[PDB]
Amino acid sequence: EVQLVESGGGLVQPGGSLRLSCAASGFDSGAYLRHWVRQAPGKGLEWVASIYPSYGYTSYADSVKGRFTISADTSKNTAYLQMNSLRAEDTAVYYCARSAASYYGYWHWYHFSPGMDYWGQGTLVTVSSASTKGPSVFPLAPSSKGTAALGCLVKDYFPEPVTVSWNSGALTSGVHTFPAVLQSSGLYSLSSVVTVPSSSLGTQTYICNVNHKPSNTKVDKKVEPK
Amino acid sequence: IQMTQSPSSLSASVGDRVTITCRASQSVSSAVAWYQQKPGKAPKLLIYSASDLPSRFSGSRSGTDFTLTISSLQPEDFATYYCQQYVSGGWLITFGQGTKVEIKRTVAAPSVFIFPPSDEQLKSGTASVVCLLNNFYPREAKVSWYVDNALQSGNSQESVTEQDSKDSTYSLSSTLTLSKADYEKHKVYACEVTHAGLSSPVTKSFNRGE
Numbered sequence: 001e002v003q004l005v006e007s008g009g011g012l013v014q015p016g017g018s019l020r021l022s023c024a025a026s027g028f029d030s031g032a033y034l035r040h041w042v043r044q045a046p047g048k049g050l051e052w053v054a055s056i057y058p059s060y061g062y063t064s067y068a069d070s071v072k074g075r076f077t078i079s080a081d082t083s084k085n086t087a088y089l090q091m092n093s094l095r096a097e098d099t100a101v102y103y104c105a106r107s108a109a110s111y112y113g114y115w116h117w118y119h120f121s122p123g124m125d126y127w128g129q130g131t132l133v134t135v136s137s138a139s140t141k142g143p144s145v146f147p148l149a150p151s152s153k158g159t160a161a162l163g164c165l166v167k168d169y170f171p172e173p174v175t176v177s178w179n180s181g182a183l184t185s186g187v188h189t190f191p192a193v194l195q196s197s198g199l200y201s202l203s204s205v206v207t208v209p210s211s212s213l214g215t216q217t218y219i220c221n222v223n224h225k226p227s228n229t230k231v232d233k234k235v236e237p238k
Numbered sequence: 002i003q004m005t006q007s008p009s010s011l012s013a014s015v016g017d018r019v020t021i022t023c024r025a026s027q028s029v030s031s032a039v040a041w042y043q044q045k046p047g048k049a050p051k052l053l054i055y056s057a058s066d067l072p074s075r076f077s078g079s080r083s084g085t086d087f088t089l090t091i092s093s094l095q096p097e098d099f100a101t102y103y104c105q106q107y108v109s110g111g112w113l114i115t116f117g118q119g120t121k122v123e124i125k126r127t128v129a130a131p132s133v134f135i136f137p138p139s140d141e142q143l144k145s146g147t148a149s150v151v152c153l154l155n156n157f158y159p160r161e162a163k164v165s166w167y168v169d170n171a172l173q174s175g176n177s178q179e180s181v182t183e184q185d186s187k188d189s190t191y192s193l194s195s196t197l198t199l200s201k202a203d204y205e206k207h208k209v210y211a212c213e214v215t216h217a218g219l220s221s222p223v224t225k226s227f228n229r230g231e
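In structure tokens form, the structure reads like this:
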């Protein structure tokens, strides 16, 4: 019935600082090693820092040495990870984890250390020197005549969370909304496509609704054969 | 930092004996842990070292190559698996590169569509021609971009779905971001798809710009 709750994340442009936090619940923080492990979007797992809160022992990965400060509060049962002089490629989801024990194990037999039984669920940290901009949405309009396909192109929007549905929740079967990829411009770009019978053109209306909560922006583009 | 995991993106179906291998960091018989990461969820632990020991997940230690041989494969397990070690040096923790298991099905060929950029876009000042590989199985596919019969490189971007809940197939989004000026300087634009399903590279194209 124990849990890890991790907070702090958000957007900050490179060179700034952004402190993380990890509330621990249900177990004794001072008899369990605490580690911060991050995962860049679509990349693997990369360890960041580790602490033995009781004795204060600290350990970092050399990709980040000299910038991050891992810390713990025994009274508040919460472990911190001060991220300083943040770099552009630090963008990842930062996880908080647990390990077992042993002053003896730490010093002498550290390799034979048991696993990370409980992790939190994550806090997202994005670093970019780019203002938040709503997406400009562009139609795709098929000219192909059986079953043809059409879609939208939402491009040049910051930050990530963008949602696409078709005909206000109607078109579900065949909806293929891709995952966004951030362009060289620093802004993300995305495309949604759907499969429909060739008969549907000239009969059915097709409109994608794209909401961008961070910019407080909703856009609708009707897609019609040219 | 980068541990070597021998399968990178290998796929099988439910009820299959699958083995994943990990290269070690230092040399000394160390401790090993493995994690399951389902998409958009936090990783969870499976097994540990020394005494490795449900019925399916089992770890084995061969020389410098640690293994996670899962025997009875259930649909709940299709996920990504990571290998992690503790190194008694800098008190550092190092992970494997991750290995994903996607479902295995018969072979499906892409439904290839090409869309020239919208007029609403080129007045703004950028042209984004997009190609659509639609529901296909093998996930391995080459999408070559030919403007005026010249395979342009260093401008396209790719995007893939994970897998459809019904057919367990993929889709690809090649997006070419050419400037408005450099878009209208050429006429024929083509998208070339090389994939295992199709017998010969299938290309769909259009003709506008000059």
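If you read the sequences in order, they're chains C and G. The first sequence lines up with residues 1 to 9, 11 to 35, 40 to 64, 67 to 72, 74 to 153, 158 to 238 when you count with the authors' numbering. The second sequence lines up with residues 2 to 32, 39 to 58, 66 to 67, 72, 74 to 80, 83 to 231 when you count with the authors' numbering. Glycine included, every Cβ here is placed at the ideal spot set by N, Cα and C.
Using beta carbons (cut-off 7 Å, strictly below), is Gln178(G) in contact with chain C?
As a working note, residue 178(G) is residue 157 in the second sequence. Answer yes: the Cβ-Cβ gap between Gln178(G) and chain C drops below 7 Å somewhere.
Using the rule of at least 16 other Cβ atoms within 10 Å of the residue's Cβ for burial, across every protein chain shown, is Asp98(C) buried or exposed?
Numbered from its first residue, the first sequence carries residue 98(C) at position 90. By the neighbour-count rule (16 or more Cβ atoms within 10 Å), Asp98(C) is buried.
Apply the 10 Å Cβ neighbour rule to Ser201(C) and answer buried if 16 or more other Cβ atoms are within range, or exposed otherwise.
Along the first sequence, read from residue 1 onward, the residue named residue 201(C) stands at position 189. By the neighbour-count rule (16 or more Cβ atoms within 10 Å), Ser201(C) is buried.
Secondary structure at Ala40(G), three-state DSSP: helix, strand or coil?
Taking the second sequence and counting its residues from 1, the one referred to as residue 40(G) is at position 33. In the structure shown, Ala40(G) sits in a strand (DSSP, three-state: E or B).
What beta strand (DSSP E) runs, 3 residues minimum, are completely inside the segment 87-137 of chain G?
Annotation note: the segment 87-137 of chain G contains the following uninterrupted beta strand (DSSP E) runs of length 3 or greater, listed N- to C-terminal: 101-108, 113-116 and 133-136.
Measuring alpha carbon to alpha carbon, tell me which of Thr101(G), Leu197(G) and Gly84(G) ends up nearest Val193(C).
Residue mapping note: residue 193(C) aligns to position 181 of the first sequence, counting from 1. Closest by alpha carbon: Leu197(G).
Which listed residue (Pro171(C), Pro191(C) and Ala161(C)) has its alpha carbon closest to that of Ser185(C)
For the purposes of this step, residue 185(C) is taken as residue 173 along the first sequence, with counting starting at 1. Residue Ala161(C) is the option with its Cα nearest to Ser185(C).
Distance cutoff 7 Å, beta carbons only. Does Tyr112(C) sit that close to anything in chain G?
As a position in the first sequence, residue 112(C) is number 104, starting the count at 1. Any Cβ of chain G closer than 7 Å to the Cβ of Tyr112(C) would place that residue at the interface, and such an atom is absent.
Looking at the unbroken beta strand (DSSP E) that takes in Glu6(C), where does it start and where does it end?
Residue 6(C) sits at position 6 when you count from the first residue of the first sequence. Following the DSSP letters along the chain, one finds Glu6(C) inside the beta strand (DSSP E) bounded by residues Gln3 to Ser7.
Any beta-carbon of chain G closer than 7 Å to the one on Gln129(C)?
Taking the first residue of the first sequence as 1, we reach residue 129(C) at position 121. At least one chain G Cβ lies under 7 Å of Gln129(C).
Go ahead and pull the three-state DSSP assignment for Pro226(C).
Numbered from 1 along the first sequence, position 214 holds the residue referred to as residue 226(C). Here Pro226(C) carries a helix assignment [DSSP, helix/strand/coil].
Run through the segment 127-202 of chain G for me and flag every whole beta strand (DSSP E) of 3 or more residues, listed as ranges in chain order.
Segments of the beta strand (DSSP E) lying fully in the segment 127-202 of chain G: 133-136, 147-157, 162-168 and 191-200.
For the 8 Å Cβ check, are there 3 or more pairs between the segment 126-144 of chain G and the segment 213-225 of chain G?
Under the three-pair Cβ rule at 8 Å, the segment 126-144 of chain G counts as touching the segment 213-225 of chain G.
With which residues is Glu97(C) paired in a DSSP beta bridge?
If you number the first sequence from 1, residue 97(C) lands on position 89. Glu97(C) is not bridged to any residue.
Considering just the uninterrupted stretch of the beta strand (DSSP E) at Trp115(C), what are its terminal residues?
To locate residue 115(C), count along the first sequence from 1; it is residue 107. Segment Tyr111 to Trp115 is the alpha helix (DSSP H) holding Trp115(C); no beta strand (DSSP E) there.
For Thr82(C), which residues in the same chain have their Cβ closer than 7 Å to its Cβ, ignoring the five residues on either side in sequence?
Looking up residue 82(C) in the first sequence gives position 74. In its chain, beyond the 5 residues on either side, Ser30, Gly31 and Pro58 have a beta carbon closer than 7 Å to the beta carbon of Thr82(C).
Against chain C, does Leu67(G) count as a neighbour if the rule is that its beta carbon must be under 7 Å from one of theirs?
Mapped onto the second sequence, residue 67(G) falls at position 53. It does not: the Cβ of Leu67(G) has no partner Cβ on chain C nearer than 7 Å.
Partners in chain G for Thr207(C), counting only beta-carbon separations shorter than 9 Å
Counting from one through the first sequence, the residue named residue 207(C) turns up at place 195. The answer, in chain order, is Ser132, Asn155 and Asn156.
Residues in the same chain with beta-carbon distance under 8 Å from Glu161(G), minus the five sequence neighbours each way, listed in chain order, please.
On the second sequence, position 140 is the one that residue 161(G) refers to. If you ignore the 5 residues before and after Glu161(G), its C-beta comes within less than 8 Å of the C-beta of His216 and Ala217, all in its own chain and listed in chain order.
From the beta carbon of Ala25(C), is the nearest beta carbon of chain G less than 7 Å away?
Within the first sequence, the letter at position 24 stands for residue 25(C). Taking Cβ atoms only, chain G never reaches closer than 7 Å to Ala25(C), which makes this a no.
Buried or exposed, going by whether 16 or more other CB atoms sit within 10 Å of the CB of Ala25(G)?
Taking the second sequence and counting its residues from 1, one reaches residue 25(G) at position 24. With 16 or more neighbouring CB atoms inside 10 Å of its own CB, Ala25(G) falls in the buried class.
Are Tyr107(G) and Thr120(G) close, meaning C-beta to C-beta below 7 Å?
By one-based count along the second sequence, residue 107(G) stands at place 86. By one-based count along the second sequence, residue 120(G) stands at place 99. No, the Cβ-Cβ distance between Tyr107(G) and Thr120(G) is not below 7 Å.
From the DSSP output, in three-state form, read off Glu231(G) for me.
Against the second sequence, residue 231(G) aligns to sequence position 210. Three-state DSSP puts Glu231(G) in coil, outside helix and strand.
Bridge-paired residues (DSSP) for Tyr204(G)
As a first step, residue 204(G) is located in the second sequence; it is residue number 183 there, counting from the start. In the DSSP assignment, no residue is bridged to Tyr204(G).
How is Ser210(C) classed by DSSP in three states: helix, strand or coil?
By 1-based counting over the first sequence, the position of residue 210(C) is 198. Reduced to three states, the DSSP call for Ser210(C) is helix.
Return helix, strand or coil for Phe170(C), following the three-state DSSP convention.
Counting from 1 along the first sequence, the entry for residue 170(C) is found at position 158. DSSP places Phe170(C) in strand when its eight states are reduced to three.
Identify the continuous beta strand (DSSP E) that holds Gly78(G) and give its terminal residues.
Translated into positions along the second sequence, residue 78(G) becomes position 59. Note, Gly78(G): beta strand (DSSP E), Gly78 to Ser83.
Given that a residue counts as buried once 16 or more other Cβ atoms are within 10 Å of its Cβ, and exposed if not, what is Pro46(G)?
Your numbering for residue 46(G) matches position 39 in the second sequence. Classification for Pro46(G): exposed.
Rounding to the nearest angstrom, what Cα-Cα distance links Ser139(G) and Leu148(C) in this structure?
To locate residue 139(G), count along the second sequence from 1; it is residue 118. To locate residue 148(C), count along the first sequence from 1; it is residue 140. Spanning the two alpha carbons is a distance of roughly 7 Å.
Looking at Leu183(C) and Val206(C), is the spacing between their C-beta atoms short of 7 Å?
Numbered from 1 along the first sequence, position 194 holds the residue referred to as residue 206(C). Numbered from 1 along the first sequence, position 171 holds the residue referred to as residue 183(C). Going by C-beta atoms, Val206(C) is nearer than 7 Å to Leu183(C).
In its own chain, which residues sit with a C-beta less than 7 Å from the C-beta of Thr140(C), not counting the 5 before and 5 after it?
Mapped onto the first sequence, residue 140(C) falls at position 132. Residues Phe170, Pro171, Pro226 and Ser227 of the same chain have their beta carbon placed closer than 7 Å to that of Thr140(C), with the five preceding and five following residues left out of the count.
What residue does the beta strand (DSSP E) around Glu236(C) start on, and which one ends it?
Residue 236(C) sits at position 224 when you count from the first residue of the first sequence. No beta strand (DSSP E) holds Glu236(C); DSSP gives it neither H nor E.
Do we get a CB-CB distance below 7 Å when we pair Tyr191(G) with the residues of chain C?
Residue numbering aside, residue 191(G) sits at position 170 when the second sequence is read from its first letter. False, the Cβ-Cβ gap to chain C never drops below 7 Å.
Bridge partners of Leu199(C), per DSSP?
Residue mapping note: residue 199(C) aligns to position 187 of the first sequence, counting from 1. None, per the DSSP bridge assignment.
Rounded C-beta distance between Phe190(C) and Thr182(G)? I'm assuming under 8 Å.
In the first sequence, residue 190(C) corresponds to position 178, counting from 1. In the second sequence, residue 182(G) corresponds to position 161, counting from 1. The pair is a contact, with the Cβ atoms about 7 Å apart (cut-off 8 Å).
Is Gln105(G) buried or exposed, if buried means 16 or more other CB atoms sit within 10 Å of its CB?
Here the question's residue 105(G) lines up with position 84 in the second sequence. Buried.
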